K.L.:
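Submitted below is the structure of interest, expressed as structure tokens.
Proteins come first, then strands; the chains are lettered A, B, ... in the order of their sequence lines, and each starts at number 1.
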Protein chains: 4
Amino acid sequence: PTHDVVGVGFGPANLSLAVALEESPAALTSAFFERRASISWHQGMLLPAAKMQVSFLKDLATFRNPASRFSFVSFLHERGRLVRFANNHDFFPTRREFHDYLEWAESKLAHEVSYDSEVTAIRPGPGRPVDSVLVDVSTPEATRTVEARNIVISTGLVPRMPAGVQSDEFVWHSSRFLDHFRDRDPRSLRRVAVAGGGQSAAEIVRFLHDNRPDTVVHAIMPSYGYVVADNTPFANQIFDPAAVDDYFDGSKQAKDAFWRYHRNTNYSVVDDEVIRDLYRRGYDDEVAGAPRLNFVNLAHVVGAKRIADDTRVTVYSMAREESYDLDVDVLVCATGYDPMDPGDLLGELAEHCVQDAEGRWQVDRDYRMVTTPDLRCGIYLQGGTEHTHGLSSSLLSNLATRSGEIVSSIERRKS
Amino acid sequence: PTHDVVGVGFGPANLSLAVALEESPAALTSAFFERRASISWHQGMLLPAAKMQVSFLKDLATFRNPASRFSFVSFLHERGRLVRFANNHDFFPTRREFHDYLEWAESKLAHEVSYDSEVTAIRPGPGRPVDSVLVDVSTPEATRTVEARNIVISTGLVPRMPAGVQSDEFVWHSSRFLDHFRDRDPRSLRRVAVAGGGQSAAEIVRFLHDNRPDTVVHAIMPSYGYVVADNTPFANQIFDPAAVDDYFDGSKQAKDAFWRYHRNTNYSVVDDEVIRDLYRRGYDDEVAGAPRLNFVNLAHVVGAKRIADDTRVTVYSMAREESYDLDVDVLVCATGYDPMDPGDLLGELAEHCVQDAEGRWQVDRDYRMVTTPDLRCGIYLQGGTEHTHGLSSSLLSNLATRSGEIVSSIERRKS
Amino acid sequence: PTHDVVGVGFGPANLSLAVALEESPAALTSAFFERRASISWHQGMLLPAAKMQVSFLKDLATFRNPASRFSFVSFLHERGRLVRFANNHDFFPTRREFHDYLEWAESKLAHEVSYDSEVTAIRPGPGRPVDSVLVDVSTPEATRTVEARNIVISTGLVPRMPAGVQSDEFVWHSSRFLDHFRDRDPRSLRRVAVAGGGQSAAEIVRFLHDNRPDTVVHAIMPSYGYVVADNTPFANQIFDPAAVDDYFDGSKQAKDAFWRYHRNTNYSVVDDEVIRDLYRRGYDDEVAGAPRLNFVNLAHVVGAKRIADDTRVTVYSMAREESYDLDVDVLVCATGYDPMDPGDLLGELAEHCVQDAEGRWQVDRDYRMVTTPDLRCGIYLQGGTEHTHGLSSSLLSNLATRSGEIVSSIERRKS
Amino acid sequence: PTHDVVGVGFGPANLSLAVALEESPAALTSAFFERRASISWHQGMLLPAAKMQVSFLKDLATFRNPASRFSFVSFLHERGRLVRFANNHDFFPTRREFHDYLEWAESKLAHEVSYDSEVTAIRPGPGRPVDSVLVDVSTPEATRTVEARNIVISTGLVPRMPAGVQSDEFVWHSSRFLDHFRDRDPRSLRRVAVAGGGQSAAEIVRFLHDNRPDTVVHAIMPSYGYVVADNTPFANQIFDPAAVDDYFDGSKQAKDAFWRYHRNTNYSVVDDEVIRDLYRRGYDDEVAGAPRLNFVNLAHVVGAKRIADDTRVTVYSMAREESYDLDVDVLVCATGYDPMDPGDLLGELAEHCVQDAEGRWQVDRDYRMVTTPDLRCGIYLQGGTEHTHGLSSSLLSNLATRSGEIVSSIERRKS
Ligand SMILES: Cc1cc2nc3c(=O)[nH]c(=O)nc-3n(C[C@H](O)[C@H](O)[C@H](O)COP(=O)(O)OP(=O)(O)OC[C@H]3O[C@@H](n4cnc5c(N)ncnc54)[C@H](O)[C@@H]3O)c2cc1C
Ligand SMILES: Cc1cc2nc3c(=O)[nH]c(=O)nc-3n(C[C@H](O)[C@H](O)[C@H](O)COP(=O)(O)OP(=O)(O)OC[C@H]3O[C@@H](n4cnc5c(N)ncnc54)[C@H](O)[C@@H]3O)c2cc1C
Ligand SMILES: Cc1cc2nc3c(=O)[nH]c(=O)nc-3n(C[C@H](O)[C@H](O)[C@H](O)COP(=O)(O)OP(=O)(O)OC[C@H]3O[C@@H](n4cnc5c(N)ncnc54)[C@H](O)[C@@H]3O)c2cc1C
Ligand SMILES: Cc1cc2nc3c(=O)[nH]c(=O)nc-3n(C[C@H](O)[C@H](O)[C@H](O)COP(=O)(O)OP(=O)(O)OC[C@H]3O[C@@H](n4cnc5c(N)ncnc54)[C@H](O)[C@@H]3O)c2cc1C
Ligand SMILES: NC(=O)c1ccc[n+]([C@@H]2O[C@H](COP(=O)([O-])OP(=O)(O)OC[C@H]3O[C@@H](n4cnc5c(N)ncnc54)[C@H](OP(=O)(O)O)[C@@H]3O)[C@@H](O)[C@H]2O)c1
Ligand SMILES: NC(=O)c1ccc[n+]([C@@H]2O[C@H](COP(=O)([O-])OP(=O)(O)OC[C@H]3O[C@@H](n4cnc5c(N)ncnc54)[C@H](OP(=O)(O)O)[C@@H]3O)[C@@H](O)[C@H]2O)c1
Ligand SMILES: NC(=O)c1ccc[n+]([C@@H]2O[C@H](COP(=O)([O-])OP(=O)(O)OC[C@H]3O[C@@H](n4cnc5c(N)ncnc54)[C@H](OP(=O)(O)O)[C@@H]3O)[C@@H](O)[C@H]2O)c1
Ligand SMILES: NCCC[C@H](N)C(=O)O
Ligand SMILES: NCCC[C@H](N)C(=O)O
Ligand SMILES: NCCC[C@H](N)C(=O)O
Ligand SMILES: [K+]
Ligand SMILES: [K+]
Ligand SMILES: [K+]
Ligand SMILES: [K+]
Ligand SMILES: [K+]
């Protein structure tokens with residue numbers, strides 16, 4: 001039984017693909033594989049106050065189909081919270097509510113997702129040229145292999161730690177903050193260091209300050225202070241569907257300009273409200289004569305070691321150009337993520353995937369990896385296209401349009 | 001040919017009724033009659049800057065049907081402005097754009113509206129009890145009569161002038177501001193008085209200030225300054241669909257409380273941004289040494305007379321408790337509207353319509369006038385239900401839910 | 001030793017009087033008497049998040065003297081927080097910081113305030129006509145009497161409870177919220193009812209929600225939802241120094257208009273941010289499936305009784321027009337305050353004080369009570385002048401100007 | 001008659017110096033020379049809507065002296081606009097009001113400034129080592145020379161045009177926008193090109209759009225859209241007085257970090273409100289079917305030439321990577337400014353001034369140029385210190401503190 005398309009990973013990207021497949025008139029067969037037990041959308045960072053960084057109109061389908069049964073508005077309506085939400089006049093739902101949206105959409109979905117199923121490899125199907133791929137799926141019980149004419153790889157970002165620092169029972173990446181935090185005695189985290197100047201670092205510091213009144217926090221970051229995230233309307237147009245074409249069709253020189261001028265829309269920046277909330281907290285503590293938030297600016301974390309009952313963090317100060325040690329209970333590294341890379345999974349298919357001058361995968365406008373003739377099945381990327389398609393590639397900004405374009409591409413090449 | 005339902009008037013209310021009819025599985029026959037040549041939604045007040053006072057989610061259908069082809073989101077999508085609109089992150093469209101939305105929806109509607117068709121009267125059909133009404137329609141060419149089992153009256157508000165003051169060549173109600181203003185030669189309106197402290201008055205004064213740099217404006221209002229319109233989320237719940245039930249089922253005492261505490265959500269109040277903009281304008285003029293906006297507070301316009309080349313406005317000052325004269329070119333009365341009243345159109349049928357203690361029409365929860373057993377046909381009101389259904393009755397707030405309720409009521413009764 | 005002026009009470013009002021006295025070139029002798037041990041500015045309501053409802057520019061002196069050593073800006077500067085405060089770009093300090101400002105100003109003040117000194121009575125001095133008053137002061141040790149030519153009464157508002165409800169171990173007025181709350185055991189206040197729809201009620205509910213995750217709160221209020229406080233710039237002009245003259249010189253008709261149109265600036269209304277924060281809290285709880293905030297609208301608390309371990313609150317529902325019982329641990333009445341009334345402390349002198357038609361004290365523009373020729377000494381009111389001077393009379397809005405006018409009046413009479 | 005200090009230029013910087021001199025107890029003699037007829041603070045850009053980019057608390061003196069007679073608050077008070085301003089609740093005055101503030105402060109100043117006086121050169125005084133400088137001043141009538149022990153150079157920024165584009169009758173730098181614009185027949189500027197993505201470009205485009213309804217505007221800028229200016233509170237701390245020490249004492253590596261992370265606080269960025277206003281304007285025009293604003297993004301102006309009645313602008317597109325011609329009536333270059341450089345004026349004295357590795361002037365913490373022992377007189381820079389003192393050097397952010405430090409330095413060295 002050969003599938004038209006197999007989806008690796010079931011995050012918002014492949015979920016929107018599933019929605020696009022269902023809404024398409026095209027009769028396409030599909031299977032989706034998620035390693036986790038259920039949809040799990042950055043749950044390590046599902047902090048109490050956390051807000052979406054994208055408007056509710058940017059959901060699973062709305063920009064492609066303005067009357068989708070899978071829209072956020074449909075969700076609110078079924079949950080009897082549309083009127084309430086509307087009264088709030090805020091475009092940004094909580095991360096918690098959006099997670100419920102994802103689960104709700106997955107349930108409404110006709111197709112049944114295969115959970116606890118880790119794709120361990122993708123191998124060429126029989127033939128030359130290769131017209132199908134073999135997908136190795138490892139469940140808790142057995143292992144199996146499915147065959148598909150197309151694959152869509154959407155396995156998400158991979159946590160990035162600072163150069164000389166390894167995850168530990170006392171050094172956590174921000175992606176696994178709540179995982180470790182919940183398991184911990186309250187009075188076993190009175191001193192916490194958080195490295196980074198982005199949204200994650202800011203949200204964790206805010207949470208720590210608000211969670212206990214005694215916790216002392218050291219926010220270590222290279223900038224002189226948090227930099228604001230730009231989502232003013234003109235700059236925000238880089239997230240437009242049409243901006244994908246501008247980026248894709250533009251010269252390397254234009255592509256560079258996107259990053260040079262608009263990196264501050266997405267990376268190493270913090271939402272206005274979070275910055276201001278942190279600043280008020282610091283101010284009020286000063287008034288009260290009880291400072292707890294220590295902003296260690298113009299600085300990098302360069303090492304961490306466990307010494308008795310302390311986590312010894314080595315901090316490099318750019319101002320003085322020297323290192324020193326900071327003793328805390330826990331070091332949280334909110335130091336970001338590296339992009340999705342299909343290379344690992346593609347194993348030997350990769351040989352046939354054409355690279356560019358930089359060493360990156362060549363991808364067509366329709367998100368399909370460029371291959372030699374020796375390979376003829378479709379390999380589509382949702383994620384890992386920051387160099388070809390631009391800043392929206394790993395975001396929720398353009399799920400609706402990308403998923404639709406991929407389905408169309410698949411229908412057209414089967415067509 | 002007897003219609004299930006005839007609609008009198010084609011504003012947003014009956015338009016949403018038409019949409020509800022089309023979306024309903026029920027096979028109901030209908031006809032709609034609008035006097036004007038086309039949809040005309042307060043065009044006299046379609047000022048350059050004017051913004052909706054209602055969220056875009058409160059459109060023709062969305063609260064009833066979250067995936068309607070007639071939703072504002074569908075409209076934006078079709079116009080290729082959805083992405084642009086989203087980037088703006090504002091829930092409130094311009095009045096200009098909403099007008100286009102109405103026209104767009106009317107065009108998409110399968111049914112064909114009858115324009116240039118004034119309903120002059122509604123008369124009882126043959127038989128006793130009366131099972132149908134006869135609707136007299138006057139076109140430019142002929143006159144005709146149509147028969148219906150139900151009618152829905154949605155003829156809108158009626159302009160209310162100050163007591164001693166009549167519309168004239170130099171005394172305009174705000175509802176006809178642009179009608180008169182465009183027909184004037186600029187420079188013949190160097191001195192304008194605007195009476196009122198509500199959104200209309202504020203918008204007109206702002207427009208006048210911005211339109212020409214030399215115009216002198218007298219803003220005459222009873223309050224000490226503009227009062228802000230409350231749309232904070234808890235108070236804004238009075239506009240909820242469910243609030244209709246709370247108001248309807250509540251005692252007169254409760255009904256009174258709605259008005260006592262929340263009149264400032266809708267009447268005699270001004271949007272925050274408009275107030276702030278007016279204040280900045282006045283402040284900068286002061287800095288420049290060229291004041292043009294004169295706020296005449298704690299005051300009422302009590303008369304107007306034409307004397308040579310001057311419109312003489314008589315102003316009563318509450319502070320000094322005395323009247324005085326103000327000479328201007330034009331007096332604009334932004335003094336509000338009276339509610340829709342179905343009594344004139346009803347004529348003979350009114351005898352079978354039951355009134356309450358206060359002499360107002362009794363209306364059922366489903367917007368159907370209460371009648372004696374002599375009348376079996378349905379008379380539904382969209383508008384004129386402020387005393388039975390509450391503050392949303394004449395607003396865009398609840399079009400989707402009311403229209404659906406009426407269609408359901410008609411379907412239910414159809415035997 | 002006869003003083004030019006004695007001040008009864010040492011809150012912000014008399015504090016600004018002290019400042020005006022020190023800054024005045026006039027050589028006036030004074031004494032101030034405060035019952036409490038130190039300045040105590042609504043400490044029972046000094047909640048963690050609480051923010052001033054007045055701009056920092058409205059401090060002890062700034063509107064009168066733009067370069068006062070007692071300005072809030074001077075305070076910030078001495079506390080090394082001016083730059084930090086400026087970076088925040090918020091006109092509204094915390095109540096906590098403002099309290100600190102008051103104490104700071106009191107210290108910087110040359111004059112020494114007499115604390116733990118309750119003024120028990122004011123009696124006429126010797127002679128006829130009366131040229132001085134005798135002020136009876138009760139300290140913890142002894143009692144004494146001082147003599148003064150003028151007296152300024154600024155004893156503050158008096159807590160108002162609902163009719164038929166008395167303060168008790170389990171029924172608290174909002175003014176004494178923190179007093180009682182700090183003194184209970186956190187696990188003993190799992191169910192709290194808060195009566196009222198104003199700033200106090202809102203702030204207490206917010207605090208309760210944020211303080212513990214399990215507390216269940218019933219917010220009982222007559223309106224359908226919190227009403228927003230108006231401080232938009234035109235309406236806000238009722239707090240202007242000049243507005244005092246408009247109100248004072250205006251007819252009763254005009255005075256009524258101030259209250260009719262602008263009560264929503266000050267009474268029974270809540271700050272925008274607090275309303276929105278409460279609404280987000282309620283929304284997120286619903287998403288989480290753990291509702292804790294119960295808004296009991298269109299309702300009054302009419303009785304409270306202790307029954308075993310429950311405080312049984314009798315609630316009247318306007319909608320149903322019937323009472324019912326609500327069992328909680330504690331009832332907090334955030335039901336407001338009655339104005340300052342000099343009558344009680346005046347005793348014998350009150351006969352020579354002239355009343356108006358409505359039975360309230362007549363007061364001159366300079367805040368001096370109108371007396372018969374029998375009294376020649378000056379009795380000045382800071383507070384209790386809402387009927388003569390308007391809504392700013394009991395607020396921080398106009399401390400600088402009023403205090404200056406009183407000092408001037410005293411200097412002028414002496415002369 | 002040898003002066004303690006001579007000030008070259010009379011902008012806000014030297015004005016704050018004059019204020020610091022007057023407020024200082026030190027008896028220092030001074031003279032100030034301004035080439036313009038009066039204070040002239042970027043008048044070519046005094047557009048109708050233009051707002052200050054700095055809080056009113058950052059004025060001539062307030063951060064140094066919180067009760068200065070020259071504070072903005074003192075100014076508002078004198079102008080009888082303090083209460084009005086406070087009601088507005090906006091920290092940012094208009095540029096127009098701030099200009100009045102500067103004139104007001106100059107008038108209040110005891111010292112009298114010499115206008116129409118261009119400093120053409122600074123020469124060494126007699127003796128070795130040099131203990132004084134000779135300042136050559138050229139008035140309209142005569143020329144003269146004054147002698148001083150110290151000199152403060154504050155001659156402001158110098159306009160920077162795009163490479164290969166010269167100012168002309170139809171090519172204007174933004175700094176001279178209103179100069180040219182007022183001298184032009186309104187019907188002669190139908191087509192305008194504005195080059196740049198910063199505050200100036202944005203302000204000019206908004207002005208053009210608002211000034212005439214038919215003007216077509218081409219906004220040519222290298223970014224994909226306007227980038228927002230960061231003034232959120234943590235990043236804004238780079239403008240703090242204390243931040244000057246952090247920057248000054250910090251290593252080159254730290255200095256670089258300031259620019260790398262926080263250049264978006266000051267250069268090539270636009271105020272939030274201006275961006276959103278522009279976006280609304282563009283949106284409404286699209287709704288109306290009359291687009292007038294053309295955003296030419298990812299592009300540079302590389303040439304301009306007059307050809308008949310067309311100003312021919314050559315535009316380089318980074319995307320397509322090709323230059324094309326754009327025909328307009330006028331080209332406005334809002335392409336920024338180069339820093340103040342004392343080199344030109346110093347002439348012979350530069351021989352005793354020390355340069356750093358990069359060839360820039362070495363400056364001490366107290367704004368005094370580093371010299372050899374051959375020169376003993378003080379040369380102070382207000383401006384041109386972006387490399388030693390940081391981003392605030394050419395801004396209004398730190399006038400009060402810098403001016404005070406310079407006066408102190410001078411007093412200390414005369415001692
Ligand atoms: C806290 C936070 C941090 C973020 N960091 C960044 C950032 O640094 N840069 C940026 O541009 N955006 C970032 N985002 C955006 C983030 O990428 C999206 O929001 C979203 O999850 C992307 O959707 P996705 O479906 O592509 O990937 P994901 O949601 O991450 O989903 C991938 C799914 O695939 C599964 N999976 C992986 N491998 C396999 C396998 N072999 N077999 C089966 N299943 C597999 C995973 O378990 C996961 O469920 C962040 C958002 C959050 C909230
Ligand atoms: C400037 C302005 C002022 C407003 N004033 C108020 C106010 O004071 N209070 C309030 O609560 N809301 C007010 N509104 C809201 C307003 O009611 C709605 O926005 C909207 O018009 C209501 O929809 P409707 O369809 O019920 O009435 P409508 O939009 O008014 O239209 C009714 C239609 O029926 C037609 N008609 C009338 N008589 C006949 C007839 N005999 N035969 C055939 N056709 C007929 C009319 O031509 C009209 O097109 C105002 C809105 C604006 C923009
Ligand atoms: C929580 C809260 C609630 C408020 N409620 C209202 C309201 O309902 N309406 C309104 O308009 N404004 C209200 N305000 C404003 C309030 O009145 C002021 O902010 C402020 O306290 C006014 O100044 P006073 O100096 O007039 O103050 P009062 O501060 O309250 O201070 C008077 C002082 O006199 C002392 N005193 C009293 N009697 C004697 C005596 N016999 N002998 C010696 N000392 C005595 C008292 O101990 C007190 O310290 C409220 C503010 C807050 C923070
Ligand atoms: C529209 C605009 C653009 C701006 N551009 C920038 C920018 O690009 N980067 C940035 O960081 N900040 C910029 N600013 C800030 C601007 O520098 C300050 O607000 C302010 O003018 C600086 O104060 P100043 O007195 O140091 O210089 P100026 O205000 O410019 O004053 C210098 C004075 O010296 C006079 N002068 C010059 N030479 C002589 C001479 N030989 N003899 C006598 N007098 C002389 C000048 O005519 C002038 O009056 C800008 C502000 C505005 C409003
Ligand atoms: N509520 C939400 O939806 C939510 C929550 C979190 C994140 N996100 C999104 O996810 C994306 C990533 O955000 P992120 O905050 O997780 O990561 P991020 O934006 O990449 O930021 C990483 C930060 O760590 C810094 N850093 C790197 N190495 C360091 C070291 N050795 N010591 C100290 N600091 C170091 C980086 O500095 P440099 O700039 O010098 O590299 C940067 O400030 C963003 O687009 C964000 O908006 C969304
Ligand atoms: N952080 C601060 O600076 C701060 C904090 C608190 C207060 N304040 C100020 O102090 C002033 C007073 O505010 P306030 O909140 O304390 O009082 P209000 O006087 O403003 O509050 C009274 C409220 O309780 C209601 N109420 C009265 N009797 C009731 C009953 N039997 N049952 C249920 N509800 C009842 C009132 O309803 P009705 O309107 O129908 O009578 C009203 O909603 C305001 O100016 C306020 O801004 C400032
Ligand atoms: N209301 C006010 O007080 C006010 C008004 C205006 C300005 N200011 C202040 O003055 C400072 C400077 O503002 P500014 O806008 O005058 O200058 P600016 O910030 O230096 O901006 C100059 C802009 O022109 C661009 N550019 C340079 N060459 C170009 C070319 N050949 N073609 C097209 N674009 C070109 C620059 O691009 P690149 O990014 O690639 O360099 C940059 O976007 C700011 O700090 C600002 O806030 C204040
Ligand atoms: N970090 C996510 C930013 C999302 C982007 N501003 C958007 O609106 O699409
Ligand atoms: N005057 C219009 C009021 C609209 C109302 N706040 C609503 O959101 O429905
Ligand atoms: N471009 C001027 C920036 C001013 C800066 N935000 C400050 O507060 O000093
Ligand atoms: K139908
Ligand atoms: K004195
Ligand atoms: K003292
Ligand atoms: K003292
Ligand atoms: K001096």
Side-chain angles (χ1 to χ4, degrees), chain C residues 23 52-92 101 104 108 230-245 265 271-272 392 396-398 400-401, chain D residues 23 52-92 101 104 108 230-245 265 271-272 392 396-398 400-401:
Chain C
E23 291 188 351
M52 292 303 287
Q53 313 277 301
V54 103
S55 163
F56 75 92
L57 290 173
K58 272 148 164 160
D59 55 21
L60 296 169
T62 289
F63 279 9
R64 181 191 71 244
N65 174 12
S68 165
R69 296 149 38 236
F70 299 89
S71 69
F72 194 82
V73 170
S74 292
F75 163 72
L76 290 174
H77 190 275
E78 288 184 29
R79 292 276 138 98
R81 290 203 293 272
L82 181 53
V83 177
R84 207 167 179 176
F85 181 88
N87 278 317
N88 203 44
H89 295 100
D90 187 349
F91 282 95
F92 303 93
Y101 167 61
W104 169 86
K108 179 158 195 181
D230 195 352
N231 70 349
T232 60
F234 285 107
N236 215 58
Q237 293 188 322
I238 63 164
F239 303 106
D240 290 6
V244 172
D245 293 287
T265 52
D271 171 84
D272 179 271
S392 78
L396 301 171
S397 311
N398 212 45
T401 301
Chain D
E23 291 191 349
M52 293 302 289
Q53 315 274 299
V54 104
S55 163
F56 76 91
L57 291 173
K58 272 153 187 203
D59 54 22
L60 300 166
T62 291
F63 278 10
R64 183 190 73 243
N65 172 10
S68 164
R69 302 156 34 237
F70 300 88
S71 73
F72 195 80
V73 167
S74 291
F75 164 72
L76 293 173
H77 193 274
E78 238 156 271
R79 289 293 143 93
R81 281 194 312 254
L82 181 52
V83 175
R84 222 187 161 151
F85 181 88
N87 275 320
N88 203 43
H89 294 100
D90 187 346
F91 280 96
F92 302 94
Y101 167 60
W104 167 89
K108 179 148 197 195
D230 193 350
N231 70 345
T232 59
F234 287 104
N236 216 56
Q237 287 186 327
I238 62 164
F239 303 106
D240 291 7
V244 172
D245 295 287
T265 56
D271 276 338
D272 181 271
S392 79
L396 303 171
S397 312
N398 209 46
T401 297

K.L.:
As an exercise: rank D:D240, D:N87, D:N65 by heavy-atom pairs under 4.5 Å with chain C and give me the winner.
P.N.:
D:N87
K.L.:
So which part of C:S68 gets closer than 4.5 Å to some heavy atom of chain D, the side chain, the backbone, both or neither?
P.N.:
backbone
K.L.:
What is the minimum heavy-atom distance between D:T62 and C:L82, and which atoms define it?
P.N.:
O-CD2, 3.9 Å
K.L.:
Can you confirm whether D:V73 sits close enough to C:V73 that some side-chain heavy atom of one is under 4.5 Å from a side-chain heavy atom of the other?
P.N.:
no
K.L.:
In Å, rounded to the nearest 0.5 Å, how long is the span from CZ of C:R84 to CG of D:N236?
P.N.:
13.5 Å
K.L.:
So, taking the atom named NE2 in D:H77 and the one named CZ in C:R64, what distance separates them when rounded to the nearest 0.5 Å?
P.N.:
9.0 Å
K.L.:
Taking all heavy atoms of C:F91 and all of D:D90, pick out the closest pair and write down the distance.
P.N.:
CE1-N, 3.3 Å
K.L.:
Side chain, backbone, both or neither: which part of D:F75 has an atom under 4.5 Å from a heavy atom of chain C?
P.N.:
neither
K.L.:
Which atom names give the shortest non-hydrogen contact between C:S74 and D:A67, and what distance separates them?
P.N.:
OG-CB, 4.4 Å
K.L.:
Could you label the plane-to-plane angle of the C:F56 and D:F56 rings as parallel, tilted or perpendicular, counting under 30° as parallel and over 60° as perpendicular?
P.N.:
parallel
K.L.:
Heavy-atom distance under 4.5 Å to chain D: side chain of C:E78, backbone, both or neither?
P.N.:
neither
